[PDB]
Amino acid sequence: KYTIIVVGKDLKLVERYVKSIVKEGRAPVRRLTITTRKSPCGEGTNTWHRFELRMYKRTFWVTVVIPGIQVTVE
Amino acid sequence: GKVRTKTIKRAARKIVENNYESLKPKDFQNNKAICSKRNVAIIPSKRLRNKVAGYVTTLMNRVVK
Amino acid sequence: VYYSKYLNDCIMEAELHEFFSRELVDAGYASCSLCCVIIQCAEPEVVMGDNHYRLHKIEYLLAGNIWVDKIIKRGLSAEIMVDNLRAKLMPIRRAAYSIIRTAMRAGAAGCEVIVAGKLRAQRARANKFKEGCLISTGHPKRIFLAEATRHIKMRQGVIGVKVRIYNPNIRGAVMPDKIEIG
Amino acid sequence: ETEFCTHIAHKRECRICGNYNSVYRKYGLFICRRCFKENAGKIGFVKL
Amino acid sequence: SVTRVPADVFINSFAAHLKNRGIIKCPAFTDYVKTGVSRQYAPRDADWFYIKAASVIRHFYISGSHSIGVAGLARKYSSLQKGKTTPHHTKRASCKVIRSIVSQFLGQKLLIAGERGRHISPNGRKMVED
Amino acid sequence: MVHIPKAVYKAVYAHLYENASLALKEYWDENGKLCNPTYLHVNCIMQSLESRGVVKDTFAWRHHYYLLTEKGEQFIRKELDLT
Amino acid sequence: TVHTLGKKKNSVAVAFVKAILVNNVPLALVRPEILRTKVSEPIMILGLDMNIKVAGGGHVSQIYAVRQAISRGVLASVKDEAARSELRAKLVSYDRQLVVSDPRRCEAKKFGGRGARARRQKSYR
RNA sequence: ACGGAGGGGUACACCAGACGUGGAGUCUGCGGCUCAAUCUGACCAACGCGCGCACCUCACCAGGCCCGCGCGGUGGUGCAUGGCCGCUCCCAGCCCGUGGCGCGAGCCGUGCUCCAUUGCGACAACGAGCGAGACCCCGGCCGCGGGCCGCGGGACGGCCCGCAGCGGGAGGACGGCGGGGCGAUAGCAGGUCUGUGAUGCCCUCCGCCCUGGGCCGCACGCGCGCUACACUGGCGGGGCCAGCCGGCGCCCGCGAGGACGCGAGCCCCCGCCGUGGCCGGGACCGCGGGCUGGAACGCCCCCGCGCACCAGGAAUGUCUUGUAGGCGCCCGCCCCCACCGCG
Ligand SMILES: [K+]
Ligand SMILES: [K+]
Ligand SMILES: [K+]
Ligand SMILES: [K+]
Ligand SMILES: [K+]
Ligand SMILES: [K+]
Ligand SMILES: [K+]
Ligand SMILES: [K+]
Ligand SMILES: [K+]
Ligand SMILES: [K+]
Ligand SMILES: [K+]
Ligand SMILES: [K+]
Ligand SMILES: [K+]
Ligand SMILES: [K+]
Ligand SMILES: [Mg+2]
């Protein structure tokens with residue numbers, strides 16, 4: 001059979017593509033997190049930035065071009 | 001401890017003055033009434049809409065008495 | 001692990017954007033996207049040079065295809081405007097208000113410019129020229145506000161300049177405050 | 001003449017600046033904490 | 001059946017029955033051994049090998065379908081290691097005692113090998129059920 | 001002036017009417033991925049070429065970006081004998 | 001075919017009911033034994049067959065989630081009649097927690113202290 | 001601006017309490033002392049801070065290559081500068097056009113309430129804007145769709161009594177939603193040139209590399225912590241439950257750990273010890289057996305050795321619901337290694 005993996009970091013575009021592929025015919029969200037001090041040096045009150053990159057994936061099982069999405073068949 | 005800002009009030013007054021006939025003094029009907037775009041009202045959020053409708057319902061039962 | 005591919009694409013996109021900035025400063029590089037590279041310029045008529053010679057020679061530094069749009073409203077984009085200000089270094093007040101006049105001509109609700117560095121008599125100071133309405137808080141700051149910043153390598157020490165534009169009535173969403181009735 | 005760099009060691013540096021100190025290797029970023037603050041916009045990380 | 005009876009009854013009533021019929025009966029290394037690296041002394045009740053093996057077979061019975069393994073049994077009998085001036089941490093138990101037990105339990109046809117790990121064979125499953 | 005065949009290998013990765021261009025990682029394997037010569041040998045010639053003007057360079061993320069200019073390909077045509 | 005839920009901090013008890021096993025172990029033998037009267041309250045304050053699978057949380061939270069699943073499943077066989085709306089009021093008039101879940105949850109830790117509200121000791125010399 | 005001036009508000013700042021710290025040993029940072037060097041920054045808003053020093057890092061010492069065996073340059077100057085951060089301050093504050101007052105510096109705009117310059121209402125001022133709020137993320141309850149994720153509904157001071165709003169009841173998953181993100185005008189000779197190909201001006205040609213050493217050296221005084229002083233406890237055996245997401249099978253070995261292959265602790269129950277620095281407490285030291293690595297001085301395991309400590313002076317800090325406290329688990333820097341920080 002055939003498999004389509006689709007991966008993307010912006011939920012809106014991913015949903016648009018996922019919607020308009022159903023016009024032609026477990027994978028949960030995992031979050032890349034980095035916490036880093038806000039200052040370039042280490043002087044002052046110790047405050048921290050919390051940065052987060054959330055990705056999304058869908059797996060279509062089978063028998064529109066958007067810049068930012070990733071698709072692999074395997 | 002919930003004081004309505006001028007933004008709620010100023011929209012609520014034009015809504016009550018324009019649509020006096022439509023608004024009963026009971027709240028669900030006004031919740032619908034702060035939704036239509038024919039009684040044109042561009043509310044860009046539903047919490048905002050609920051607060052405006054909560055003040056509109058109160059404006060209704062003050063003109064009767 | 002299918003995400004270790006997308007992360008490297010994400011990092012390579014930043015590599016490419018940084019190189020376009022530092023090199024195509026000459027044509028006013030603004031932004032780029034990956035998919036096949038889309039570069040967003042003010043004038044394509046130089047990025048695609050004569051006979052495309054300069055363009056394709058770029059397409060071989062990527063191996064060690066592209067196509068280009070055009071920026072339609074120049075004054076509303078804050079990143080080629082800081083470059084325009086960079087070029088003129090001209091009295092500071094005149095250059096700042098020249099930037100502001102064309103930003104407002106484009107139809108912006110607000111715009112302002114900050115300059116800081118070596119102005120007079122061995123003393124760092126800061127000048128703030130401004131016109132219209134601006135915002136600085138909440139979520140909408142990331143949608144409707146636009147900032148850009150460059151350092152001018154002046155004769156004396158460095159001089160930093162920032163340019164900010166506020167355009168709320170654009171093709172897109174609506175500011176969660178403005179509430180029209182009729 | 002043939003002794004220059006015989007010592008073997010990782011020389012991990014930041015992909016952007018070149019520093020050796022405070023390099024983040026999680027997820028395979030390999031960039032330092034000072035450069036991670038300003039390049040994080042386009043790499044993709046955002047604050048929530 | 002096995003699931004019904006108070007779990008503390010079956011274990012200590014089958015370990016006394018582990019003295020009859022020449023079942024797994026204890027080897028010699030039993031002396032001078034701690035059941036774990038977190039323990040600081042050896043067990044004091046001399047029937048501890050009997051009760052331990054009764055417990056490990058009652059553990060094997062509950063996982064009727066799939067296979068347990070030895071390293072993941074020492075994890076089941078884990079304890080925290082104290083007296084170090086640092087915060088206490090958990091340690092896996094000793095695999096030698098458990099592997100010794102399961103080896104002799106693979107005899108007498110009480111257990112059968114699988115793809116990875118031991119499994120409760122129909123014989124022995126019947127015995128514990130009875 | 002050290003070695004000639006490497007001196008011309010470094011002209012292999014410049015095309016005298018074609019569009020290929022060179023990027024360099026400034027290592028300071030231990031060989032440039034393009035051909036197989038040591039990095040130092042390419043670095044010396046690139047300092048020379050910049051000093052004369054055979055290329056224009058920018059730089060970004062630890063990596064030397066060069067583009068062959070107008071004067072440079074004329075300079076090279078008499079070192080590789082083309083038309 | 002009755003299907004019912006019960007929730008505590010992270011515990012979820014899924015109940016299937018047909019005209020009493022907890023995770024295949026008989027109810028009378030739920031190991032935390034000084035709290036055995038709690039898992040039996042709806043019975044002894046108010047049979048059939050029920051099957052309980054509880055996961056997540058801890059000992060006490062699991063007990064309290066089965067205390068809600070059990071009492072909520074014996075309210076989905078009586079329907080549309082005054083018993084349905086009166087046994088509920090009898091259950092709450094003992095403990096409302098018997099019908100409606102407890103919303104409380106762990107709060108997040110904030111930087112500058114070990115807990116959500118406790119900070120770090122301040123010194124001046 | 002300040003007042004040991006008056007008036008009006010307010011916050012875990014106090015009240016009522018809880019948990020501590022300061023006393024013991026010990027990890028780490030600081031000062032001093034020593035040293036060939038023990039590289040350097042900072043004194044509410046410096047002192048587990050500048051993301052884990054055997055080499056590297058590396059700025060410092062003893063030697064030695066290159067161009068024993070311009071070009072660069074973490075050189076200086078943060079009181080020459082950019083950018084980022086901290087702080088005044090998460091305070092409720094700031095400010096424009098036209099009119100009015102004054103020679104002018106300037107002024108006007110700018111009582112009852114709310115967390116709040118949040119609003120009612122009044123006014124030589126009329127009319128706008130920013131900050132506040134709205135907004136974004138998370139989590140509670142219910143629907144349509146897919147196979148739990150992703151699209152919506154839901155709460156509004158809406159109902160009922162008593163007097164813009166303060167009270168008391170009710171239903172409901174939640175009652176005035178809750179925890180976070182963002183963050184105005186004006187500034188401070190805080191911090192950072194040692195994070196960069198940011199950088200002016202000074203000075204070096206102090207660049208790059210290799211071997212070995214130091215940053216960890218110790219009469220002593222301080223900051224943040226860790227572990228205790230026991231019976232509401234220590235020990236032996238058994239039972240069983242998480243979330244941030246996450247490999248483990250088979251043999252050797254007391255253990256630590258190796259050769260070979262494939263897809264939770266607290267707590268509960270049953271015993272033991274018996275008020276004795278005891279079986280509390282585990283620092284210091286003496287043999288062994290391992291792991292990392294080019295290299296232990298790094299870390300682990302085994303037997304033995306069993307310090308001080310009996311609840312801590314004068315002082316002193318934090319905190320109101322799944323909260324304090326107790327218990328463990330994971331990630332980061334990372335050859336090895338947490339008494340640390342983020343969760
Ligand atoms: K600090
Ligand atoms: K967050
Ligand atoms: K600190
Ligand atoms: K007048
Ligand atoms: K005047
Ligand atoms: K006046
Ligand atoms: K007045
Ligand atoms: K005024
Ligand atoms: K006044
Ligand atoms: K007035
Ligand atoms: K879906
Ligand atoms: K989906
Ligand atoms: K409403
Ligand atoms: K800097
Ligand atoms: Mg060293």
# chains A, B, ... in the order shown; residues from 1 in each chain; ligands from 1

call {"tool": "residues_near_ligand", "arguments": {"ligand": "ligand 8", "cutoff": "9 Å", "atoms": "only C-alpha atoms (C1' of nucleotides) and all ligand atoms", "output": "ChimeraX atom specification"}}
result
/H:107-110

call {"tool": "interface_residues", "arguments": {"of": "chain H", "to": "chain E", "cutoff": "8 Å", "atoms": "only C-alpha atoms (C1' of nucleotides)", "output": "VMD selection string"}}
result
chain H and resid 26 226 to 227 236 to 239 249 254 to 255 264 to 265 282 328 339

call {"tool": "residues_around", "arguments": {"residues": "residue 19 in chain B", "least_positions_apart": "6", "cutoff": "12 Å", "atoms": "only C-alpha atoms (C1' of nucleotides)", "output": "list in words"}}
result
residues 12, 13, 30, 33, 34, 36, 38, 39, 40, 41, 56, 59 and 60 of chain B; 181 and 182 of chain C

call {"tool": "select_by_dssp", "arguments": {"residues": "range 25-64 of chain F", "states": "helix (DSSP H, G or I)", "output": "PyMOL selection string"}}
result
chain F and resi 39-52

call {"tool": "write_last_selection", "arguments": {"atoms": "N, CA and C atoms", "output": "compact mmCIF listing (two decimals), in the first residue's frame"}}
result
# COMPACT_ATOMS: atom_id res chain seq x y z
N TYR F 39 42.88 22.61 3.67
CA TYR F 39 42.20 23.90 3.76
C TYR F 39 43.17 25.07 3.65
N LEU F 40 44.34 24.95 4.28
CA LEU F 40 45.30 26.06 4.31
C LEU F 40 45.70 26.48 2.89
N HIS F 41 45.84 25.51 1.99
CA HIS F 41 46.25 25.80 0.62
C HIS F 41 45.20 26.65 -0.10
N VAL F 42 43.92 26.36 0.13
CA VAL F 42 42.86 27.18 -0.45
C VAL F 42 42.80 28.55 0.23
N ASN F 43 43.07 28.59 1.53
CA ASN F 43 42.97 29.86 2.25
C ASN F 43 44.00 30.86 1.75
N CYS F 44 45.24 30.41 1.53
CA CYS F 44 46.29 31.33 1.10
C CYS F 44 45.95 31.96 -0.25
N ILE F 45 45.53 31.14 -1.20
CA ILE F 45 45.20 31.65 -2.53
C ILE F 45 43.99 32.56 -2.45
N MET F 46 43.03 32.28 -1.56
CA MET F 46 41.88 33.17 -1.49
C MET F 46 42.26 34.52 -0.90
N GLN F 47 43.17 34.55 0.07
CA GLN F 47 43.66 35.85 0.53
C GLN F 47 44.30 36.62 -0.62
N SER F 48 45.13 35.93 -1.41
CA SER F 48 45.76 36.58 -2.56
C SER F 48 44.71 37.11 -3.54
N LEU F 49 43.74 36.26 -3.90
CA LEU F 49 42.74 36.63 -4.89
C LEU F 49 41.90 37.81 -4.42
N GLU F 50 41.52 37.82 -3.14
CA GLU F 50 40.84 38.98 -2.59
C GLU F 50 41.72 40.22 -2.67
N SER F 51 43.01 40.07 -2.35
CA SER F 51 43.92 41.21 -2.38
C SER F 51 44.02 41.80 -3.78
N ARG F 52 43.89 40.97 -4.82
CA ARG F 52 43.94 41.49 -6.18
C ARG F 52 42.58 41.89 -6.73

call {"tool": "residues_near_ligand", "arguments": {"ligand": "ligand 3", "cutoff": "8 Å", "atoms": "only C-alpha atoms (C1' of nucleotides) and all ligand atoms", "output": "ChimeraX atom specification"}}
result
/A:45-46 /H:47-49

call {"tool": "residues_near_ligand", "arguments": {"ligand": "ligand 1", "cutoff": "10 Å", "atoms": "only C-alpha atoms (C1' of nucleotides) and all ligand atoms", "output": "PDB file with C-alpha atoms (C1' of nucleotides), in the first residue's frame"}}
result
ATOM      1  CA  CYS A  41      25.728  38.543  30.992  1.00  0.00           C
ATOM      2  CA  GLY A  42      24.671  37.192  34.382  1.00  0.00           C
ATOM      3  CA  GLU A  43      23.870  40.414  36.255  1.00  0.00           C
ATOM      4  CA  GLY A  44      20.514  41.320  37.792  1.00  0.00           C
ATOM      5  CA  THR A  45      17.476  39.346  38.845  1.00  0.00           C
ATOM      6  CA  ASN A  46      17.680  35.870  37.300  1.00  0.00           C
ATOM      7  CA  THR A  47      14.827  35.833  34.770  1.00  0.00           C
TER       8      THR A  47
ATOM      9  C1'   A H  42      29.756  42.093  39.981  1.00  0.00           C
ATOM     10  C1'   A H  45      19.125  45.688  42.309  1.00  0.00           C
ATOM     11  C1'   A H  46      27.154  41.435  43.984  1.00  0.00           C
ATOM     12  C1'   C H  47      27.996  36.316  46.996  1.00  0.00           C
ATOM     13  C1'   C H  49      25.418  34.662  39.465  1.00  0.00           C
ATOM     14  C1'   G H  50      28.384  35.208  34.008  1.00  0.00           C
ATOM     15  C1'   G H  86      18.338  44.749  35.310  1.00  0.00           C
ATOM     16  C1'   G H 191      25.868  45.239  34.041  1.00  0.00           C
TER      17        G H 191
END

call {"tool": "residues_near_ligand", "arguments": {"ligand": "ligand 11", "cutoff": "12 Å", "atoms": "only C-alpha atoms (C1' of nucleotides) and all ligand atoms", "output": "list in words"}}
result
residues 11, 14, 15, 16, 17, 18, 19, 22, 27, 28, 56, 57, 58, 59 and 60 of chain A; 144, 145, 146, 147, 148, 149, 150 and 151 of chain H

call {"tool": "residues_around", "arguments": {"residues": "residue 23 in chain C", "least_positions_apart": "5", "cutoff": "10 Å", "atoms": "only C-alpha atoms (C1' of nucleotides)", "output": "PDB file with N, CA and C atoms, in the first residue's frame"}}
result
ATOM      1  N   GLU C  18      19.897  35.337   6.522  1.00  0.00           N
ATOM      2  CA  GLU C  18      21.003  36.171   6.977  1.00  0.00           C
ATOM      3  C   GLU C  18      21.945  36.510   5.825  1.00  0.00           C
ATOM      4  N   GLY C  28      18.001  45.938  -1.261  1.00  0.00           N
ATOM      5  CA  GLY C  28      16.978  46.021  -0.241  1.00  0.00           C
ATOM      6  C   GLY C  28      16.262  44.713   0.016  1.00  0.00           C
ATOM      7  N   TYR C  29      17.024  43.696   0.399  1.00  0.00           N
ATOM      8  CA  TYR C  29      16.440  42.436   0.827  1.00  0.00           C
ATOM      9  C   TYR C  29      15.530  42.643   2.028  1.00  0.00           C
TER      10      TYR C  29
ATOM     11  N   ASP F  57      33.596  39.145  -1.880  1.00  0.00           N
ATOM     12  CA  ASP F  57      33.158  38.261  -0.811  1.00  0.00           C
ATOM     13  C   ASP F  57      32.266  38.987   0.183  1.00  0.00           C
ATOM     14  N   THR F  58      31.311  38.240   0.710  1.00  0.00           N
ATOM     15  CA  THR F  58      30.639  38.540   1.961  1.00  0.00           C
ATOM     16  C   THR F  58      30.958  37.411   2.931  1.00  0.00           C
ATOM     17  N   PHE F  59      30.317  37.424   4.095  1.00  0.00           N
ATOM     18  CA  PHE F  59      30.606  36.380   5.065  1.00  0.00           C
ATOM     19  C   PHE F  59      29.437  36.251   6.033  1.00  0.00           C
ATOM     20  N   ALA F  60      29.130  35.013   6.422  1.00  0.00           N
ATOM     21  CA  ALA F  60      27.999  34.738   7.300  1.00  0.00           C
ATOM     22  C   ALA F  60      28.146  33.349   7.907  1.00  0.00           C
ATOM     23  N   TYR F  65      31.672  33.330   1.792  1.00  0.00           N
ATOM     24  CA  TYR F  65      30.944  33.366   0.530  1.00  0.00           C
ATOM     25  C   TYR F  65      31.658  34.270  -0.469  1.00  0.00           C
TER      26      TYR F  65
END

call {"tool": "residues_around", "arguments": {"residues": "residue 53 in chain B", "least_positions_apart": "6", "cutoff": "12 Å", "atoms": "only C-alpha atoms (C1' of nucleotides)", "output": "PDB file with N, CA, C and O atoms (P, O5', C5', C4', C3', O3' and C1' of nucleotides), in the first residue's frame"}}
result
ATOM      1  N   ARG B   4     -17.442  47.628  34.059  1.00  0.00           N
ATOM      2  CA  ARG B   4     -17.402  47.694  32.608  1.00  0.00           C
ATOM      3  C   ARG B   4     -16.619  48.915  32.148  1.00  0.00           C
ATOM      4  O   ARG B   4     -16.847  50.033  32.618  1.00  0.00           O
ATOM      5  N   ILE B   8     -17.205  48.754  26.519  1.00  0.00           N
ATOM      6  CA  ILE B   8     -18.455  48.009  26.629  1.00  0.00           C
ATOM      7  C   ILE B   8     -19.637  48.965  26.554  1.00  0.00           C
ATOM      8  O   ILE B   8     -20.574  48.771  25.772  1.00  0.00           O
ATOM      9  N   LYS B   9     -19.584  50.028  27.353  1.00  0.00           N
ATOM     10  CA  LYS B   9     -20.727  50.907  27.555  1.00  0.00           C
ATOM     11  C   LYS B   9     -21.082  51.681  26.290  1.00  0.00           C
ATOM     12  O   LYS B   9     -22.265  51.817  25.948  1.00  0.00           O
ATOM     13  N   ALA B  11     -20.557  50.966  23.142  1.00  0.00           N
ATOM     14  CA  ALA B  11     -21.202  50.095  22.166  1.00  0.00           C
ATOM     15  C   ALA B  11     -22.593  49.679  22.633  1.00  0.00           C
ATOM     16  O   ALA B  11     -23.535  49.626  21.830  1.00  0.00           O
ATOM     17  N   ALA B  12     -22.746  49.401  23.931  1.00  0.00           N
ATOM     18  CA  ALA B  12     -24.042  48.989  24.452  1.00  0.00           C
ATOM     19  C   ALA B  12     -25.103  50.069  24.293  1.00  0.00           C
ATOM     20  O   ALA B  12     -26.270  49.743  24.049  1.00  0.00           O
ATOM     21  N   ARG B  13     -24.720  51.347  24.362  1.00  0.00           N
ATOM     22  CA  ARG B  13     -25.723  52.401  24.227  1.00  0.00           C
ATOM     23  C   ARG B  13     -26.223  52.527  22.790  1.00  0.00           C
ATOM     24  O   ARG B  13     -27.431  52.649  22.559  1.00  0.00           O
ATOM     25  N   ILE B  15     -26.224  50.137  20.668  1.00  0.00           N
ATOM     26  CA  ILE B  15     -26.985  48.925  20.393  1.00  0.00           C
ATOM     27  C   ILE B  15     -28.397  49.041  20.951  1.00  0.00           C
ATOM     28  O   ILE B  15     -29.371  48.671  20.285  1.00  0.00           O
ATOM     29  N   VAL B  16     -28.539  49.551  22.176  1.00  0.00           N
ATOM     30  CA  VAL B  16     -29.877  49.661  22.751  1.00  0.00           C
ATOM     31  C   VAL B  16     -30.690  50.741  22.044  1.00  0.00           C
ATOM     32  O   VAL B  16     -31.904  50.592  21.870  1.00  0.00           O
ATOM     33  N   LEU B  23     -34.786  43.882  21.505  1.00  0.00           N
ATOM     34  CA  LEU B  23     -34.181  43.451  22.758  1.00  0.00           C
ATOM     35  C   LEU B  23     -35.241  43.334  23.843  1.00  0.00           C
ATOM     36  O   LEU B  23     -35.752  44.344  24.334  1.00  0.00           O
ATOM     37  N   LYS B  24     -35.566  42.103  24.225  1.00  0.00           N
ATOM     38  CA  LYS B  24     -36.277  41.874  25.468  1.00  0.00           C
ATOM     39  C   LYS B  24     -35.312  42.045  26.640  1.00  0.00           C
ATOM     40  O   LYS B  24     -34.095  42.041  26.456  1.00  0.00           O
ATOM     41  N   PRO B  25     -35.830  42.230  27.859  1.00  0.00           N
ATOM     42  CA  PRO B  25     -34.937  42.408  29.014  1.00  0.00           C
ATOM     43  C   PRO B  25     -34.375  41.104  29.567  1.00  0.00           C
ATOM     44  O   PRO B  25     -33.879  41.077  30.699  1.00  0.00           O
ATOM     45  N   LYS B  26     -34.445  40.021  28.789  1.00  0.00           N
ATOM     46  CA  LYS B  26     -33.918  38.722  29.188  1.00  0.00           C
ATOM     47  C   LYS B  26     -32.733  38.363  28.297  1.00  0.00           C
ATOM     48  O   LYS B  26     -32.708  38.699  27.111  1.00  0.00           O
ATOM     49  N   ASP B  27     -31.764  37.644  28.870  1.00  0.00           N
ATOM     50  CA  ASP B  27     -30.381  37.726  28.408  1.00  0.00           C
ATOM     51  C   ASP B  27     -30.064  36.876  27.179  1.00  0.00           C
ATOM     52  O   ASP B  27     -29.255  37.303  26.350  1.00  0.00           O
ATOM     53  N   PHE B  28     -30.627  35.673  27.041  1.00  0.00           N
ATOM     54  CA  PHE B  28     -30.257  34.830  25.903  1.00  0.00           C
ATOM     55  C   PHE B  28     -30.631  35.481  24.574  1.00  0.00           C
ATOM     56  O   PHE B  28     -29.875  35.404  23.592  1.00  0.00           O
ATOM     57  N   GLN B  29     -31.810  36.108  24.516  1.00  0.00           N
ATOM     58  CA  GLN B  29     -32.233  36.753  23.282  1.00  0.00           C
ATOM     59  C   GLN B  29     -31.273  37.870  22.907  1.00  0.00           C
ATOM     60  O   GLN B  29     -30.957  38.057  21.726  1.00  0.00           O
ATOM     61  N   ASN B  30     -30.789  38.619  23.900  1.00  0.00           N
ATOM     62  CA  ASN B  30     -29.817  39.668  23.615  1.00  0.00           C
ATOM     63  C   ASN B  30     -28.455  39.097  23.251  1.00  0.00           C
ATOM     64  O   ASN B  30     -27.740  39.688  22.435  1.00  0.00           O
ATOM     65  N   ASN B  31     -28.077  37.957  23.835  1.00  0.00           N
ATOM     66  CA  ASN B  31     -26.861  37.278  23.401  1.00  0.00           C
ATOM     67  C   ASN B  31     -26.918  36.957  21.920  1.00  0.00           C
ATOM     68  O   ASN B  31     -25.921  37.101  21.203  1.00  0.00           O
ATOM     69  N   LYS B  32     -28.073  36.501  21.445  1.00  0.00           N
ATOM     70  CA  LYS B  32     -28.205  36.311  20.007  1.00  0.00           C
ATOM     71  C   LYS B  32     -28.155  37.671  19.310  1.00  0.00           C
ATOM     72  O   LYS B  32     -27.491  37.827  18.282  1.00  0.00           O
ATOM     73  N   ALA B  33     -28.794  38.683  19.896  1.00  0.00           N
ATOM     74  CA  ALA B  33     -28.899  39.985  19.244  1.00  0.00           C
ATOM     75  C   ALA B  33     -27.562  40.709  19.122  1.00  0.00           C
ATOM     76  O   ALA B  33     -27.443  41.617  18.293  1.00  0.00           O
ATOM     77  N   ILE B  34     -26.558  40.342  19.918  1.00  0.00           N
ATOM     78  CA  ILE B  34     -25.245  40.974  19.825  1.00  0.00           C
ATOM     79  C   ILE B  34     -24.386  40.100  18.915  1.00  0.00           C
ATOM     80  O   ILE B  34     -23.159  40.235  18.868  1.00  0.00           O
ATOM     81  N   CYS B  35     -25.030  39.205  18.167  1.00  0.00           N
ATOM     82  CA  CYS B  35     -24.331  38.319  17.244  1.00  0.00           C
ATOM     83  C   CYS B  35     -24.540  38.668  15.780  1.00  0.00           C
ATOM     84  O   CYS B  35     -23.604  38.546  14.989  1.00  0.00           O
ATOM     85  N   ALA B  41     -23.075  44.508  13.816  1.00  0.00           N
ATOM     86  CA  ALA B  41     -22.249  44.589  15.013  1.00  0.00           C
ATOM     87  C   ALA B  41     -21.061  43.675  14.748  1.00  0.00           C
ATOM     88  O   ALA B  41     -21.221  42.457  14.627  1.00  0.00           O
ATOM     89  N   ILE B  43     -18.376  42.287  16.524  1.00  0.00           N
ATOM     90  CA  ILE B  43     -17.735  41.919  17.783  1.00  0.00           C
ATOM     91  C   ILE B  43     -16.616  40.936  17.448  1.00  0.00           C
ATOM     92  O   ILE B  43     -16.912  39.808  17.021  1.00  0.00           O
ATOM     93  N   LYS B  46     -15.936  36.437  21.484  1.00  0.00           N
ATOM     94  CA  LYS B  46     -17.165  35.994  22.135  1.00  0.00           C
ATOM     95  C   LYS B  46     -17.235  36.387  23.612  1.00  0.00           C
ATOM     96  O   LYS B  46     -18.332  36.640  24.122  1.00  0.00           O
ATOM     97  N   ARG B  47     -16.099  36.463  24.311  1.00  0.00           N
ATOM     98  CA  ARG B  47     -16.109  37.014  25.664  1.00  0.00           C
ATOM     99  C   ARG B  47     -16.520  38.483  25.650  1.00  0.00           C
ATOM    100  O   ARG B  47     -17.321  38.935  26.482  1.00  0.00           O
ATOM    101  N   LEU B  59     -29.235  47.572  30.459  1.00  0.00           N
ATOM    102  CA  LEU B  59     -29.809  48.804  29.931  1.00  0.00           C
ATOM    103  C   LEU B  59     -31.278  48.635  29.587  1.00  0.00           C
ATOM    104  O   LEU B  59     -32.036  49.607  29.655  1.00  0.00           O
ATOM    105  N   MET B  60     -31.695  47.424  29.222  1.00  0.00           N
ATOM    106  CA  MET B  60     -33.097  47.224  28.871  1.00  0.00           C
ATOM    107  C   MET B  60     -34.012  47.382  30.082  1.00  0.00           C
ATOM    108  O   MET B  60     -35.040  48.064  29.998  1.00  0.00           O
TER     109      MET B  60
ATOM    110  P     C H 156     -17.803  35.219  29.783  1.00  0.00           P
ATOM    111  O5'   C H 156     -18.852  36.418  29.791  1.00  0.00           O
ATOM    112  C5'   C H 156     -19.011  37.263  30.923  1.00  0.00           C
ATOM    113  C4'   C H 156     -20.385  37.881  30.939  1.00  0.00           C
ATOM    114  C3'   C H 156     -20.793  38.639  32.196  1.00  0.00           C
ATOM    115  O3'   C H 156     -20.365  39.992  32.165  1.00  0.00           O
ATOM    116  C1'   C H 156     -22.563  37.221  31.434  1.00  0.00           C
ATOM    117  P     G H 158     -25.066  41.562  34.797  1.00  0.00           P
ATOM    118  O5'   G H 158     -25.855  40.240  34.378  1.00  0.00           O
ATOM    119  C5'   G H 158     -26.807  40.270  33.322  1.00  0.00           C
ATOM    120  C4'   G H 158     -27.546  38.962  33.178  1.00  0.00           C
ATOM    121  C3'   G H 158     -28.470  38.573  34.323  1.00  0.00           C
ATOM    122  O3'   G H 158     -29.725  39.229  34.270  1.00  0.00           O
ATOM    123  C1'   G H 158     -27.149  36.715  33.724  1.00  0.00           C
TER     124        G H 158
END

call {"tool": "interface_residues", "arguments": {"of": "chain C", "to": "chain D", "cutoff": "6 Å", "atoms": "only C-alpha atoms", "output": "PyMOL selection string"}}
result
chain C and resi 10-11+14

call {"tool": "closest_atom_pairs", "arguments": {"of": "chain D", "to": "chain F", "cutoff": "12 Å", "atoms": "only C-alpha atoms", "output": "JSON lines"}}
result
{"residue": "D:4", "atom": "CA", "partner": "F:28", "partner_atom": "CA", "distance": 11.2}
{"residue": "D:5", "atom": "CA", "partner": "F:28", "partner_atom": "CA", "distance": 10.6}
{"residue": "D:11", "atom": "CA", "partner": "F:27", "partner_atom": "CA", "distance": 11.3}
{"residue": "D:13", "atom": "CA", "partner": "F:62", "partner_atom": "CA", "distance": 10.1}
{"residue": "D:14", "atom": "CA", "partner": "F:61", "partner_atom": "CA", "distance": 8.9}
{"residue": "D:15", "atom": "CA", "partner": "F:61", "partner_atom": "CA", "distance": 6.3}
{"residue": "D:16", "atom": "CA", "partner": "F:61", "partner_atom": "CA", "distance": 4.5}
{"residue": "D:17", "atom": "CA", "partner": "F:61", "partner_atom": "CA", "distance": 6.4}
{"residue": "D:18", "atom": "CA", "partner": "F:62", "partner_atom": "CA", "distance": 6.9}
{"residue": "D:19", "atom": "CA", "partner": "F:62", "partner_atom": "CA", "distance": 10.7}
{"residue": "D:31", "atom": "CA", "partner": "F:61", "partner_atom": "CA", "distance": 10.7}
{"residue": "D:35", "atom": "CA", "partner": "F:61", "partner_atom": "CA", "distance": 11.1}
{"residue": "D:39", "atom": "CA", "partner": "F:61", "partner_atom": "CA", "distance": 11.8}
